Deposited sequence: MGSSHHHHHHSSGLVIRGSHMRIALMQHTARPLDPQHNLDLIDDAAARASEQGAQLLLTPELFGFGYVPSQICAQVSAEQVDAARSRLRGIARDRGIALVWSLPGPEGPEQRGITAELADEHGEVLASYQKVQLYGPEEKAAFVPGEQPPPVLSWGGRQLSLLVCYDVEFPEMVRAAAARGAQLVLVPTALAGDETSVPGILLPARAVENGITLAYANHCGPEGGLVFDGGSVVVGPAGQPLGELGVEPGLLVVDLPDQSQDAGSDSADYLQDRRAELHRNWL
């Protein structure tokens, strides 16, 4: 448990790990609102929440049943949560276009409810995601917030070293990743995340669902990994609000001009 803000840390972040109810945005957004309040009371300045949490992780049903107007309304409620609980908020909804044109996105809003960055998931996972969404085509955004450079990726993205390297090449120091990882994929948090942190010298935070949802069983295992590859904090399979204080040469040495020809 967090404590007084520590000497030599100036950024405290929180990660929401919980089950969502498919197709029930009232319930799911109330859950994000509750977590945002609790995170703010514990002195966190940012809350990271999981992939597609607002509608639950149900790609085919989002495609078939969730309108652009319904997506927009949840987006508006989330902006309202960041503002009314006074905390930066990173969430993940379908994009704003029609059901057959939109992707999976993540957005960061500041403690005023204003969206600072939006990113569209580039690496879609499995046939259901690829059937329900259009892959993104743009590199991850990087922006100054709270004293360092933040970036966004979504779930399967982080499993490609190229995606994390793309953020780090643009200056990212802290990469925030809404996720929905099911099926006891231990190698992702256990093996891949630590390497993505070490091999770029960066911190990543990964906020998952947990528990029965939409036919799948989510792993939980939300975690913040620092540049040495070690967890600064982590959850197991139970729902929880993880709160972590962040403390105050591969990227130069890599022969990028050769690498880009060899992929």
| item | value |
| --- | --- |
| Deposited positions lacking CA coordinates | 1-10, 259-268 |
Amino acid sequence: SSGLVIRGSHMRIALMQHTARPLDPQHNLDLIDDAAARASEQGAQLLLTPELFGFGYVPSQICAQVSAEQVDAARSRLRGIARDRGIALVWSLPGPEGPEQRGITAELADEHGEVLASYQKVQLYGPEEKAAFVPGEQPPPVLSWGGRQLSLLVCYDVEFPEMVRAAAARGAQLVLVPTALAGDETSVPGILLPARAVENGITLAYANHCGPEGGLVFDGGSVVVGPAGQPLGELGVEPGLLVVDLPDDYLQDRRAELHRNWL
From here on, numbers count along this sequence of modelled residues.
{"item": "Mean C-alpha temperature factor, higher of 219-227 and 58-66", "value": "58-66"}
{"item": "Entry-level comparison of average CA B-factors, 105-113 and 170-178, reporting the higher stretch", "value": "105-113"}
{"item": "Candidate residues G136, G80, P94, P140, the one whose C-alpha B factor the record puts highest", "value": "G80"}
{"item": "Maximum C-alpha temperature factor, selected from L46, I202, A195, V237", "value": "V237"}
{"item": "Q26, C-alpha B-factor rank within chain (lowest, middle or highest third)", "value": "highest"}
{"item": "Modelled-residue ranking by C-alpha temperature factor, third containing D157", "value": "lowest"}
{"item": "Chain thirds of CA B-factor: placement of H10", "value": "highest"}
{"item": "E41 - Cα temperature factor, lowest/middle/highest third of chain", "value": "middle"}
{"item": "Assigned third (lowest, middle, highest) for the C-alpha B factor of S76", "value": "highest"}
